[PDB]
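In the block that follows, a single chain appears as structure tokens, in the form deposited without the RNA.
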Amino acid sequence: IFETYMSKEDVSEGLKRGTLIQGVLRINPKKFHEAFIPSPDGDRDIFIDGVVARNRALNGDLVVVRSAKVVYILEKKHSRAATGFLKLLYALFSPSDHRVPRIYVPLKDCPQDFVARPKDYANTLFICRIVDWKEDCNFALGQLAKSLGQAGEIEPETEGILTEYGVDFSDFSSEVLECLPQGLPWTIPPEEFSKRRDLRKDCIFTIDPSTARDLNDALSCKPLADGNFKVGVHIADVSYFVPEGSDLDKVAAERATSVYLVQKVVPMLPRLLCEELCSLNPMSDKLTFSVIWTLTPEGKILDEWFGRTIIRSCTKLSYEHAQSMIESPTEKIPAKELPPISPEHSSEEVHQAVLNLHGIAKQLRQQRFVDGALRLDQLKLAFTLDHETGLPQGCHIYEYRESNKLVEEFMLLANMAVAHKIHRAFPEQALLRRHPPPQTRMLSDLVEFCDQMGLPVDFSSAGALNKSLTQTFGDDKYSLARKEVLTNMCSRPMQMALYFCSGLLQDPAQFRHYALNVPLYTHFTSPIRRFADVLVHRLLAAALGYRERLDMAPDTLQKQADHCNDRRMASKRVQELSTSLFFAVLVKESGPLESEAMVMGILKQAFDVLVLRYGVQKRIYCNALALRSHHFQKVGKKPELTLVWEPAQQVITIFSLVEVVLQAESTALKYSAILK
């Protein structure tokens, strides 16, 4: 039995006075009896003990409240749905996630076969929605939605996590497709040859991954007569095809971002706009919102010009061909291994252009990292799948080659220029991004860990952290894995970047983006994938005088920014769970996997390893080992584990190389790591 809520008047009086604290509660996934809310001042996170003192609040909900109890909930931000197995002791519903409680389902809603034949529905996934939670029941009451399929397959589990996080994957209604342009061979109206600059004769190319349906940007470089370069970044304008107030705009605001999975993509726009009308496919006249600079070979801006233009791309490179033409500076690459090119242009022009853009991008990278920019890069693996069955065949870690940096530098230049322009035009309504500095309290724990063990790292500033992480060790077989484990330890106290409106924050200290070490930043180069990009596009168009001033209030922009923030968070969590699902299926269908590992932590009966080939973090317990004995020691707050397997002995401490094997178990989506 819980305790009843407080009325609105008391909550308003308490909040205005300052006796009550609002926050977004975070629940530990591994232990569900404890919860945490952030302090307003910036002190240690306020602890919430018990399950009773959470008082029917779920993870992600914002509440109004040293150990404390939750007494009021303003906004319910959780989706209130879960994927679980159906059992008996009404009927009981058990979710896979342990933060959602256990749910009662009425026996009228259950299928007829289930009451007669319970066993045959013992490995089937069901989706249930919580509708009400009583004051006298420890279990919520729910409604059964549908039958997903067999547990452990690919499509039932994918649709289960998409519905559990709230991503709307349903098809577009016809009132959305009625706002699209009509006519199958759409062409540019002849009235746009006067409001736009004609760039159809220049050399324009795109560099995006080979498996990319939609293209958001194009690049160009032209050498001048005094040793300078004219460098242009051209973005497909989705604000021409998305009018304000139409049902297309309401749907695109409803889903802030598009979600990328292992096997498919859940889009933001209709497929016509995402693939044919707006994406910069080669050999077609397209409308773009370009930025054009004149740069020195050292990467210094001498001119800047914004404006609407018309382009015609000549080729579509990938991240694989671009490295070939970078790594062949003085040798003609044969045309057999190149994508098709428009007949007006030659492969020499494109080949020369990639070299010049790489030459500028190297010096821009060096100058940005002298200025203090920080880069914490973890491991991102990519799969190779079966075309017909749809099961994964094999994984390999993605490789961040030079061509992935050549594009990234120019996207940063375009974003910084657009941020300056739209902030200097409208100071009271502008959408910008911000990265706070990391929290000092839980940076201090990393300070006290790394001050020992003879490791000279410092967390005073971002540039200091980057130079410390790079100079101390490199170019050794153990040192690269050492770099990976230190990066994984360092990436934990960092905060997440936020969208915000410039008319509500008062002081100019908050605006600066910490990790890039710049005072102003925004998102302008990906309209098809995000909706904040479309808002920035409209604001920039209003600033240059192409249209009238936005008729949107500065508080509605804050509400829209909060919605885009929560949607981005849900998108990142969904991609993480999809990658984990496909890796578990690969381990089950490819036998035991052998690799090496480094110990990242030690405990009395367990220790954490990091598998070097795959980058996952499993846990290894001494109960599963075939050992005679084990002893735990600590000296100078340094853990040590001694294993007795005349038998031999092994000593394992932090940053020790072991050999591990991954083996699937009888459960559908589980595996285990065992020492070899």
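Start at 1 and count along the sequence shown; that's the residue number.
Another form, the form solved in complex with the RNA, is not on view; read the next lines as being about it.
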{"query": "Residue among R271, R441, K332, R547 with a heavy atom within 4.5 Å of the RNA in the deposited complex", "finding": "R441"}
{"query": "Heavy atom within 4.5 Å of the RNA in the deposited complex - residue from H345, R102, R255, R512", "finding": "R102"}
{"query": "Region of this chain that lies against the RNA in the deposited complex, out of 70-78, 146-154, 177-185, 490-498 [heavy atom, 4.5 Å]", "finding": "490-498"}
{"query": "Contact label in the deposited complex: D249 to the RNA, heavy atom within 4.5 Å", "finding": "no"}
{"query": "is_contact(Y521, the RNA) in the deposited complex, heavy atom dist at most 4.5 Å", "finding": "yes"}
{"query": "The RNA contact at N216 in the deposited complex, heavy atom, 4.5 Å", "finding": "yes"}
{"query": "Exercise: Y614 in contact with the RNA in the deposited complex, heavy atom 4.5 Å", "finding": "no"}
{"query": "Within 4.5 Å of the RNA in the deposited complex: residues from 250-267 (heavy atom criterion)", "finding": "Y260"}
